[PDB]
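**Student:** sequence first, structure after, both from an experimental entry:
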Amino acid sequence: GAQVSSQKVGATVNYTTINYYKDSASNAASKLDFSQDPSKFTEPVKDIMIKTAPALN
Amino acid sequence: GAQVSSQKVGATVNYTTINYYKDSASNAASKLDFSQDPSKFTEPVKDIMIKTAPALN
Amino acid sequence: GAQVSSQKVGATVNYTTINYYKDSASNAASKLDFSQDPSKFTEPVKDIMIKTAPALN
Amino acid sequence: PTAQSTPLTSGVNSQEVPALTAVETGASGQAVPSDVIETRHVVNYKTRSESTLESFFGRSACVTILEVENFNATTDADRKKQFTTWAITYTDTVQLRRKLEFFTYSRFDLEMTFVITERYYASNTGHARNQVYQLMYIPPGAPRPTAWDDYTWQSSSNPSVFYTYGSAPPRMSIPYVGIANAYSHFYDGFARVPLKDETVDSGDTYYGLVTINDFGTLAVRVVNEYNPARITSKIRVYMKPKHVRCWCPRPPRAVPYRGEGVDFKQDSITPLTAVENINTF
Amino acid sequence: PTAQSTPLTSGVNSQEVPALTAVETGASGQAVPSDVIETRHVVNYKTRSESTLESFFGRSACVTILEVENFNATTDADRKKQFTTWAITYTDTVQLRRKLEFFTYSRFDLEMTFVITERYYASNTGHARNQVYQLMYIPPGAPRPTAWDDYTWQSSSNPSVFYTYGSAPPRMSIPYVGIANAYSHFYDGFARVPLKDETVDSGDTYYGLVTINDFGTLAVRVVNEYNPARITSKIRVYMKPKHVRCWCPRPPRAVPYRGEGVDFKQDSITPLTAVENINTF
Amino acid sequence: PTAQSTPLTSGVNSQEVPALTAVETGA
Amino acid sequence: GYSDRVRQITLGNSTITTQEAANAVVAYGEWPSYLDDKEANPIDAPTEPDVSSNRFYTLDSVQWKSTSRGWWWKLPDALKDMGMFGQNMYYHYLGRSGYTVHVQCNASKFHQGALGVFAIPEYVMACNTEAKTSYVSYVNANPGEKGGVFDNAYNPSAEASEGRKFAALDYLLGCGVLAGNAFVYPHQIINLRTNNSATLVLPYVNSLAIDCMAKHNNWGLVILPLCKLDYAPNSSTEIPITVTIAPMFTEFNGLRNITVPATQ
Amino acid sequence: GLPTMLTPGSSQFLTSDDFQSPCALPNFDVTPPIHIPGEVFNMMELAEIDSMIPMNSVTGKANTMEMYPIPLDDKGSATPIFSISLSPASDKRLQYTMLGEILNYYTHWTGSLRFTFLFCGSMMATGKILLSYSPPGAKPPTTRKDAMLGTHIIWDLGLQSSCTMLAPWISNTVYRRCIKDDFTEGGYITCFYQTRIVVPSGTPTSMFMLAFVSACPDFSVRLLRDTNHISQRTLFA
Amino acid sequence: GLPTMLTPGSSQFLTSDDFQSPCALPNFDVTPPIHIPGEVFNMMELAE
Amino acid sequence: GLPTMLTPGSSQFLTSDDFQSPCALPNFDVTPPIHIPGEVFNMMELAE
């Protein structure tokens, strides 16, 4: 039961992984999570502010 | 001949197992047995006692 | 080229074997041979003797 | 396969009375919060995975410590330090024993592991080349060594493990070797029936498990011959029950052990510390 | 999944004014170069792969240094050098701590790694056989050792690792063991509510995370008995958070720590070096 | 491939006499 | 209208009634049975004496006083001289049996007290000398039907021969465990305001399919006063506790001449 | 010779590891299993069995059979009958129960606790008794009017000999620690006469009840550890 | 015994490595996750 | 260089082990077998 994934591009671009232990805590690093949305920190406003519009009416 | 199973959930969630030796005694721990029924210790009575009913008539 | 067999029962009951060397002499122990027939030592008589019959007539 | 969730219940005013029972029956109390209070719904994702017998017993535990030495032995008592023997059992220590003794019977394979450690006995007698240890399992009936270098150690049929000092702790598995259908942690009986008017002495005969148990002997030596420097070694033996089943639960040991049996010691049978008052938070 | 490309834009002469906003709203500035200059098209192939939490925290970092020794201990204080205990935490050191404290809450598995080093204490007291170390994790409640060779070390249920000197640094994984749904790096509260007119002393009670945190004890010893030569050892403990999630970002620590809490030191609260002039390139 | 099981038998009163043999035969 | 307070048990030519029971216990949820062909061990045709031995034998009664600390019996031992069960036991090398245990103790609506009745597998108890370990004589370990008693004191004997008997210390259940946890064993309680009997049905319990009965007791029967007897008009009063036990599904193997154990 | 490389951990002996090992007795034919009554699969099965709390382990009675029975009488006192903290692993009385003993092989616990009480007076005795569980954070209750503001049940004595009070899982943390610890304190269990015990003449005016404790089906435990209830100074042989 | 051969790097401890390791607490049931406000995924979120 | 990790037991010599080992005489042509009377397969044959 072997997972095959793309490896990080450097300067035959896949790598193989088999988990050997029965606890997820034993596993290596989580695969890259590219999730993001800074709006909750950079723009947590109740009413939408369109950039091109005035922030205050 | 490789068994693939779910590993214990921690904080690619399968692990692989191959038995290398010819005696079962050599094998690693038994997979989690969630069997249970405490009735033989907590309620080993001959006649069924319904909780909501009186225990004695 | 992997052989898969039942392992000896103790108290996922198969094990895998791959021969790594090119001479059979290198191999591990022969799989259990349950052949037997003690008649050649316990009863090597020319004429069949039925247990329930007399051995001598 | 999780522990139980709590349903959404409200109150009652009913002839159904789950809060009352009668424990004279042998039944424990069965009522749960929903039976006696208003409860919300709570989904329970938590499991009892770590309290399965396999999890509970799934540890290598120290069960004894042996000593063996390697020096030029002139006297008779010094010759007996060149090797050592041990009756194999779980009872020399208290921790694993107590856990096993939650149950009357049990059945499992064993994982034996050893941790071997050395020290110099003195500073001014030169040095000592790296030592190889032999741990031989001597099943009941097989001849036991009288010297560290006698014929018994050729081990043509006994299993032996040769360990090189500094290497990874050695380890092997043992099957369920019991001659019964399970191991007994308790045996309320004797090894033989003493008969009427027999001459055989029953003034110094023993009782229970000790009279019937015998798993054999572990013999240990240093395979090396003596260096000018005397080296004393310790062998810690570890056991892990695996593929475990157990039957007939018992109360746990409440007071210090004093033997391989269930006897207790007079100065050590007061486990509880008294409370100031029955009302004391 | 890359960082943002720049589009081809030219100028404007418009009632749309993206260059102006009002940060009173709580919103940060949102404008980008294309909004306020003429830009060319630039395809951006670059990624933020190395600033993901997993990448940011994906290092084994030293979190403490322990000392333990192995010699013939006559006095009481010398007996206490034969083993050592440590309250497990990320706060003894500053580097990882500061990185973790970018966040209020977090949740992760741990990779514990150890680096073990020895030296001789003096030259003229012979030599010493290769040592085996025992690192035992003692969860809260389990009995703690009072001597290097007492019963606690049989470790029937506590996890222990036996390390042979010279071998690869030992390593194990720990799950997310928190009793909450995440670890708290900050706790603006107390372990209990002091009530009116109670005799219990609240003149020497503590505040915040220290009053509620307890991950247990790491106990360490040398399993060997004393050589004529005294050997002192150091155990460096390393932590790597893996499978990481974090919540509620905070400003980073700007000034030296002085405890396990957020307190600062009077002689060390001037992080900035003054500039010659507000106009200074 | 096991060692031999024991069948359920009761008694006999028969001219068949399996209890007697003659080991002179070599058997 | 059938209540679980009224019950009748018939085995062989013996019948028991009770009108103030408290259900009945089937130990570990398992009724006794004969030994299956797929679990058998000795190969000789077994003897199953059926009704001659599978019947209610009634032990000598004991007296419950406010000062009483408890009573114990072992099992097959309490029945070793009981009619045909005893003969079959001693004529054979091997034997197995289940039991119906019926403990009887009636009083009045004005008495009070509670007896814990426990059936304990492999009830190994401590010896009474600290010069040795596991040091109990066969004769003291097997008192027969008269049983033994608990005490609230532990006075191990100096010389090794004087304490070749059980140290039946009540709060340690005679075996180094707290008596309050005896409820993990099959049990009932005779609480005088509620009931006058306890009934336990026991299967064979052992690490083997069948064993030597004269060597090995499978069950211990323990009766501890959890709450002491009390009766206001006369607290020196005593009420009897009577123990009646029936073997069930008895099966014996390895017939020979009779076993006659030593008596001193 | 297949190219490999050792990683940290190599050659170490972790007592909680889970690896395979060669059998010292190859081809060993184990003794065939047979059915034995009373098989256990999980330690929580045992925690769900009622065991007696040594509620009255005061001086003179601790470590005797008299530590178990809780004194009662017909005099209708306003003081509490017993009081005890919900600290099932740490408390000087609860820790010696079967549940408490099991909890001391673990670091964390969660779930509801079932306190079941058996009245052992005469049949002629009647009474009503209040059993309370007050969650933590306020004055510990020493009076009935404070006890009844918390979770409680009023027990009427009668043909049904026993009454079950629940201490439902009410906690800030998802698990509590199996040690005395203010952060995971569990609250207070207490007991009062709701009316009083009443008897006629010819009847004992003082008597006892027994208190049992067991875990409910929502109960679970984590983080196996060594217990504090057993130790040794030298080894037996 | 399958023929292998150790390569350079063997037994070293690189602090930026990414390997598996045996769990010291096997079969541990982690505390179920719940939603917490303000989750962060990338440090660049904070730089913005 | 494929990442591995040695477990307890490594380098030990258990006399009852069952592993493969390289042949000191590779490509050796064994003497062809022939039938010999009285072959034994199990020691219990002799006990009978």
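**Tutor:** Here it is on my side, so go on. Residues are numbered from 1 along each chain as shown, chains lettered A, B, ... in the order given.
**Student:** give me the element the residue lying closest to residue H:147 once chain neighbours are set aside is part of.
**Tutor:** Distances taken as Cβ to Cβ, 6 or more residues apart in numbering or on different chains place residue H:132 nearest to residue H:147, at 3.9 Å, with adjacent residues excluded. All C-beta spots, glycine's among them, are computed from the backbone N, C-alpha and C. According to DSSP states H and E, residue H:132 maps onto strand H:128-134.
**Student:** backbone torsions only: list them for the residue in chain A positioned nearest to chain H.
**Tutor:** For chain A and chain H, the shortest gap (Cβ to the nearest Cβ) falls at residue A:22, measuring 6.7 Å. Backbone torsions for residue A:22, taken as degrees, to the nearest 10, come to phi -90, psi 10.
**Student:** who touches it in this structure?
**Tutor:** Going by Cβ atoms under 8 Å, 6 or more residues apart in numbering or on different chains, residue A:22 touches B:5, B:7, B:8, B:15, B:29, H:18, I:23, I:26, I:27.
**Student:** residues of the stretch 101-250 of chain D that sit close to chain C?
**Tutor:** Listed as neighbours of chain C in the stretch 101-250 of chain D under the rule Cβ under 8 Å from any Cβ of the partner chain: D:107, D:108, D:109, D:175, D:176, D:243, D:245.
**Student:** which of those lies closest to chain I?
**Tutor:** When these are compared against chain I (criterion: Cβ to the nearest Cβ), the nearest one is residue D:243, at 14.9 Å.
**Student:** would you confirm that the closest one contacts residue D:110?
**Tutor:** No: if you go by Cβ atoms under 8 Å, residue D:243 and residue D:110 don't touch, sitting 9.6 Å apart.
**Student:** need the residues touching each of the two.
**Tutor:** Common neighbours of residue D:243 and residue D:110 (Cβ under 8 Å, 6+ apart) are residue B:25.
**Student:** now residue D:99: which helix or strand?
**Tutor:** With DSSP H and E as the criterion, residue D:99 is inside helix D:95-100.
**Student:** same check on residue A:15?
**Tutor:** strand A:14-17.
**Student:** can you confirm whether that strand lies near chain B?
**Tutor:** Yes: Strand A:14-17 is in contact with chain B by Cβ under 8 Å from any Cβ, via residue A:17.
**Student:** likewise for stretch H:106-116?
**Tutor:** No: Stretch H:106-116 lies out of reach of chain B by Cβ under 8 Å from any Cβ, never closer than 10.3 Å.
**Student:** which parts of chain H are helices?
**Tutor:** H:43-47, H:98-103, H:144-147 (DSSP state H).
**Student:** and of these, who's closest to residue E:168?
**Tutor:** Residue E:168 lies closest, by Cβ to Cβ, to one member of the helices of chain H: helix H:43-47, at 35.5 Å.
**Student:** what does that closest one contact?
**Tutor:** So helix H:43-47 is contacted by B:36-38, B:41-42, D:48, D:51-53, D:56, D:102, D:249, G:184, H:40, H:98-99, H:102-103, H:105, H:214-215, H:219-221 (Cβ under 8 Å, 6+ apart).
**Student:** now with 7 Å?
**Tutor:** Identification of contacts with helix H:43-47 by Cβ atoms under 7 Å, 6 or more residues apart in numbering or on different chains yields B:36, B:38, B:41, D:48, D:51, D:56, D:249, G:184, H:40, H:98-99, H:102, H:214-215, H:219-220.
**Student:** quick check, nearest of those residues to chain E?
**Tutor:** residue D:56 (8.5 Å).
**Student:** and the gap between that closest one and residue H:89?
**Tutor:** 16 Å (Cβ to Cβ, to the nearest Å).
**Student:** neighbour count: those two, which is higher?
**Tutor:** A side-by-side neighbour count of residue D:56 and residue H:89, using other Cβ atoms under 10 Å in any protein chain shown, places residue H:89 first with 27 against 22.
**Student:** tell me which residues touch the nearest residue to residue G:191 once chain neighbours are set aside, please.
**Tutor:** In space, and not counting its chain neighbours, residue G:191 is closest to residue G:114: 4.4 Å by Cβ to Cβ, 6+ apart. Under the criterion of Cβ under 7 Å, 6+ apart, the contact list for residue G:114 reads G:189, G:190, G:191, G:226, G:227, H:120.
**Student:** for stretch D:13-31, how far is the first residue from the last?
**Tutor:** With Cα to Cα, to the nearest Å as the measure, stretch D:13-31 spans 17 Å from end to end.
**Student:** identify all contacting residues around it.
**Tutor:** By Cβ under 7 Å, 6+ apart, the surrounding residues in contact with stretch D:13-31 are B:42-45, B:49, B:51-52, B:55-56, D:35-36, G:22-23, G:25, G:186-189, G:191, G:194-195, H:49-50, H:114, H:116, H:118, H:153, H:160-164, H:166, H:212, H:214.
**Student:** what about 6 Å?
**Tutor:** B:42-43, B:45, B:51-52, B:55-56, D:35-36, G:22-23, G:25, G:187-189, G:191, G:194-195, H:49-50, H:114, H:116, H:118, H:153, H:160-164, H:214 (Cβ atoms under 6 Å, 6 or more residues apart in numbering or on different chains).
**Student:** so which of those residues are in strands?
**Tutor:** Per DSSP state E, strands hold the following members of the contacts of stretch D:13-31: G:25, G:187-189, G:191, H:114, H:116, H:118, H:153, H:162-164, H:214.
**Student:** just those now: which is nearest chain I?
**Tutor:** When these are compared for distance to chain I (Cβ to the nearest Cβ), residue H:214 comes out closest, at 21.2 Å.
**Student:** and that closest one, how many neighbours does it have?
**Tutor:** Residue H:214: 25 neighbours (other Cβ under 10 Å).
**Student:** ok, the one 3 residues further on next?
**Tutor:** As a burial measure, the neighbour count of residue H:217 was computed by other Cβ under 10 Å and equals 20.
**Student:** please apply the same query to the one 3 residues further on.
**Tutor:** For residue H:220, the tally of surrounding residues (other Cβ under 10 Å) stands at 26.
**Student:** next up, the contacts around it.
**Tutor:** D:3, D:46, D:48, H:110.
**Student:** and for residue 38, the neighbour number?
**Tutor:** You didn't say which chain, so I picked chain A. 17.
**Student:** wait, chain H was what I had in mind.
**Tutor:** Residues near residue H:38, counting by other Cβ under 10 Å, number 24.
**Student:** around chain I, pick out the residues from chain A.
**Tutor:** When proximity is defined as Cβ under 6 Å from any Cβ of the partner chain, chain A approaches chain I at A:20, A:21, A:23, A:25, A:26, A:28, A:29, A:33, A:35, A:36, A:38, A:42.
**Student:** are any of the residues you listed buried, and which?
**Tutor:** When the residues of chain A next to chain I are checked for burial by 16 or more other Cβ atoms under 10 Å in any protein chain shown, the buried set is A:20, A:21, A:23, A:25, A:26, A:28, A:29, A:33, A:36, A:38, A:42.
**Student:** which one of these is nearest chain D?
**Tutor:** Looking across these and measuring by Cβ to the nearest Cβ, the closest to chain D is residue A:23, at 10.4 Å.
**Student:** surely that closest one touches residue B:5?
**Tutor:** No: between residue A:23 and residue B:5 there is no contact under Cβ atoms under 6 Å: 11.8 Å.
**Student:** list the contacts of residue G:231.
**Tutor:** With Cβ under 6 Å, 6+ apart, residue G:231 has these contacts: G:111, G:237.
**Student:** now it: how far from residue H:206?
**Tutor:** Distance from residue G:231 to residue H:206, by Cβ to Cβ: 13 Å.
**Student:** ok, residue G:197 next?
**Tutor:** Taking Cβ to Cβ, one finds residue G:197 at 27 Å from residue H:206.
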